[PDB]
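One chain follows as structure tokens, the form deposited in one PDB entry.
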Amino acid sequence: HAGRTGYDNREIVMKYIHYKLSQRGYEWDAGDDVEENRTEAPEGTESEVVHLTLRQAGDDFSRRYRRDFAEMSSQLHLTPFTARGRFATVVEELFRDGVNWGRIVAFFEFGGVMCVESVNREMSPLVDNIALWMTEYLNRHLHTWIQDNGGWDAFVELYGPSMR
């Protein structure tokens, strides 16, 4: 088996990054398929409790670090090339030895920082290619550390907001 929520690294990053964009107002065209897709309804209280945690928590961490993820961003040339090659190097350093919630929450915040970077000059759509890779690595290295050790709820239980 495998729970009954339907967690998806792709959806997780999509929602996270989204808010990161909505903050400014740039209508990110993530769901290009705007053909009203109400398969099993949007209602998903299950994986919702987790979202509010990841999204909120993640932004909370970065907030505590003024110089660490941003100051480093300076070393990220903005051009239509070697975009993913530089991203992998960043996340790779994040989880050099082992993975952990704190770390996961870090890379998550990083991906967004870069996703928005493209929007700085003129590469808004890039956010799509970013969330994509973020999903590849996250699942290719964290999904194992997360699932094998509980799952997405495993974190929500450890960081359960002040009584619900």
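The first residue of the sequence shown is number 1, and the count goes up from there.
Form deposited with a small molecule bound: not shown, discussed below.
Asker: Residue-level question: is residue 51 within 4.5 Å of the small molecule in the bound PDB entry, judged on heavy atoms?
Answerer: Contact check for residue 51: no, nothing within 4.5 Å of the small molecule in the bound PDB entry.
Asker: Just checking whether residue 26 would be counted as a contact of the small molecule in the bound PDB entry - the rule being heavy atoms within 4.5 angstroms.
Answerer: No, no contact at 4.5 Å.
Asker: So in the bound PDB entry, does any heavy atom of residue 119 sit within 4.5 Å of the small molecule?
Answerer: Answer no; every heavy atom of residue 119 is more than 4.5 Å from the small molecule in the bound PDB entry.
Asker: Can any non-hydrogen atom of residue 136 be found within 4.5 angstroms of the small molecule in the bound PDB entry?
Answerer: Result no; residue 136 lies far from the small molecule in the bound PDB entry.
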